[PDB]
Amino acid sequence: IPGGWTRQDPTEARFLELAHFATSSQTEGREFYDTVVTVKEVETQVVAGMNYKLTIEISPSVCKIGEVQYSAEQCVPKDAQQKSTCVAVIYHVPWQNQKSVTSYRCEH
């Protein structure tokens, strides 16, 4: 098993699922949840578990934080033309059912 990053097909559903998980989770200093517009790039790394590195475009959603629960389906972009590019790293330990956001960094 190599230690490096392996580039994936970014259009896979599981990666969109993970992108929403990471984005829905960024709630500091906002009135609204941000949401995912697009998954541009994906890289995985085998550690004691799996690292997912997602390059995504995000946009503010219609869902107000603390007013509703986040869902991909409900929380569409206010305006999907207003995009920001971020890199999210998710650490997954499948046998403990744990996902954490290692880092979430927006170029903008």
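Quick note: we count residues from 1 along the sequence shown, nothing fancier.
Between the two ranges 79-87 and 50-58, the one averaging a larger CA B factor in the entry: Taking the mean B-factor of the alpha carbons in each, 79-87 is higher.
Given 62-70 and 40-48, the range whose Cα B-factors average higher in the PDB entry: If you average the C-alpha B-factors of 62-70 and of 40-48, the larger mean comes out for 62-70.
CA B-factor placement of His20, once the chain's modelled residues are sorted into thirds: According to the entry, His20 has a C-alpha B-factor in the chain's lowest third.
Relative C-alpha B-factor of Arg7, binned into the chain's lowest, middle or highest third: Ranked within chain, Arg7 CA B lands in the lowest tercile.
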